[PDB]
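Below is one structure, written out as structure tokens; comments come after it.
Cβ sites come from the backbone with ideal geometry, for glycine too, and all protein chains shown count toward neighbours. Taken together, the values in this text are just the output of simple stated rules run on the coordinates, not laboratory data.
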Amino acid sequence: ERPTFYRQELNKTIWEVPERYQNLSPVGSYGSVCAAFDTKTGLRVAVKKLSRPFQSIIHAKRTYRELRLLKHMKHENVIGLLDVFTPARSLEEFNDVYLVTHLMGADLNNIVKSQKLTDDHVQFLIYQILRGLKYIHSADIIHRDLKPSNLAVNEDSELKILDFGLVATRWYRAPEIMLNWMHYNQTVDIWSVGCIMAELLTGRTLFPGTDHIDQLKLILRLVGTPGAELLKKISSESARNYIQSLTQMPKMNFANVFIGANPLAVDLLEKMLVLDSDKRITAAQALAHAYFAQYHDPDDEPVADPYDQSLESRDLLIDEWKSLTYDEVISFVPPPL
Ligand SMILES: CCOC(=O)c1c(C)c(C(=O)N2CCN(Cc3ccccc3)CC2)c(C)n1CC
Ligand SMILES: CCCCCCCCO[C@@H]1O[C@H](CO)[C@@H](O)[C@H](O)[C@H]1O
Ligand SMILES: CCCCCCCCO[C@@H]1O[C@H](CO)[C@@H](O)[C@H](O)[C@H]1O
Ligand SMILES: CCCCCCCCO[C@@H]1O[C@H](CO)[C@@H](O)[C@H](O)[C@H]1O
């Protein structure tokens, strides 16, 4: 049986939602987000109304990708769906899509505040990010924009990685993404984790570049200029030649950079923040690192089904994408709760 819907404007947008969801309150604005109370479960929830989901091919395509991705993500440390709804009663009237998930209420800046965290707390937060990333990476997905705003956290420090979130974003990006390499390893996400971890431990941004080149300079100053093995892996002649033209600079000792940190934390940052992405520690490897001894449970670090990215990278008409998104709404089964 179809739920009864009600409407109300919030910030120039009409939202029509099932009666289930009450006390809609804007928090941010791909789409706009209201906190809300789900009366059926007793849970506070975030409700996201997609923006103009089927007005162009590319909005339709994006809509389908987000819905399908979120339906497939079922893991404690990755954002997933509690509900998906449309007021529409048929394909012909299908114009709006709303996604529901657990309200976390905060992201990593909010909990953190630029103050340094205890080692135990840093351990717990990074452990959860890695646990989520193992899962994402097992599905052959690369996040590529891991940063503090893309990590939702509740007040008990429980964390979920977000597709898109609600402090420069460049600050956490892997060097190869700053230079537009088009082949990427999953360990681009591991670089981002090293950056976040450093910050949590020291209370300061690791690489706070004022712009792109300043950022690459700050990176090279910590990790050193590329060695002989790395230089051999550069396809672009102009890049190769530029890099060789640079004054060699040694890698810094991270003990001198992270004074007084847990030596296990220092050891793990050295394995995350290596310039050559082939040499960076993987999510699964990092989870087994001794830094996480109080949290690591090799029987509770689940892995995903491979994810068919080819279906969302098609070139289809709006009405095809719209109909496919419609079937995903209908086929949705809410999770055990
Ligand atoms: C003070 C800064 O406040 C915050 O950072 C903050 C965060 C991170 C959250 C939160 O829990 N999110 C972020 C947005 N997705 C939307 C969504 C994604 C997918 C499906 C459905 C909805 C849900 C998880 C909230 C409510 N806030 C308060 C605005
Ligand atoms: C919920 C966890 C899913 C994380 C991955 C989804 C984030 C989508 O953001 C990214 O879009 C980029 C283009 O902007 C692509 O290059 C990336 O591979 C893709 O992950
Ligand atoms: C300023 C020059 C230093 C930046 C070099 C970044 C090195 C990243 O490392 C490189 O990642 C590539 C992109 O995914 C991979 O193809 C290579 O195997 C790996 O060596
Ligand atoms: C491998 C990618 C090659 C990128 C070449 C970047 C060259 C930028 O060049 C540098 O940029 C800055 C000025 O904006 C200054 O810090 C330096 O003096 C300047 O030489």
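A few remarks follow.
- Full extension of the chain between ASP300 and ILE259 gives 11.4 nm of extra length, using 0.36 nm per residue less the Cα-Cα distance.
- If you sort the three axes of the alpha carbon gyration tensor as a ≥ b ≥ c, you get a/c of 1.5 or more for region 113-215 and a/b no higher than b/c, which makes it oblate.
- Theoretical FRET efficiency, 1/(1+(r/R0)^6), r = Cβ-Cβ of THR169 and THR118, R0 35 Å, to 0.05: 0.85
- Once the gyration tensor of the Cα atoms in region 1-47 is diagonalised, the equivalent ellipsoid follows with semi-axes of 18, 14, 8 Å, ordered largest first.
- Whole-angstrom Cα spans of region 106-303 along principal axes, big to small: 50, 36, 33
- Ordering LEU81, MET272, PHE207 by the projection of their Cα atoms onto the charge dipole of the chain, which places +1 on the Cβ of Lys and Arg and -1 on the Cβ of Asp and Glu, puts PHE207 at the extreme positive end.
- Amide H within-cut-off set for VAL78, under 5 Å, with H built and near neighbours excluded: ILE161
- Calculated log₁₀ intensity ratio I(q)/I(0) where the Debye formula runs over C-alpha points of the chain, q = 0.13 Å⁻¹: -1.05
- Rounded to the nearest 20 debye, the dipole size of the chain about its Cα centre is 900 debye, using +1 on the Cβ of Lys and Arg and -1 on the Cβ of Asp and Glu.
- Charge dipole (the chain, unit charges on Cβ, about Cα centre) - positive-most of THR4, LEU99, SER313: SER313
- Residue order, fewest to most surrounding Cβ atoms within 10 angstrom, among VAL188, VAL257: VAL257, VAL188
- Rounded to the nearest 500, the 222 nm mean residue ellipticity of the chain from helices alone is -10000 deg cm²/dmol, with -39,500 (n - 2.57) taken per DSSP H run of at least 4 residues.
- Between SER157 and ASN23, the FRET efficiency from the beta-carbon distance, with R0 = 22 Å, is close to 0.30.
- Semi-axes of the equivalent ellipsoid for region 1-97, Cα gyration tensor, largest first, Å: 20, 18, 14
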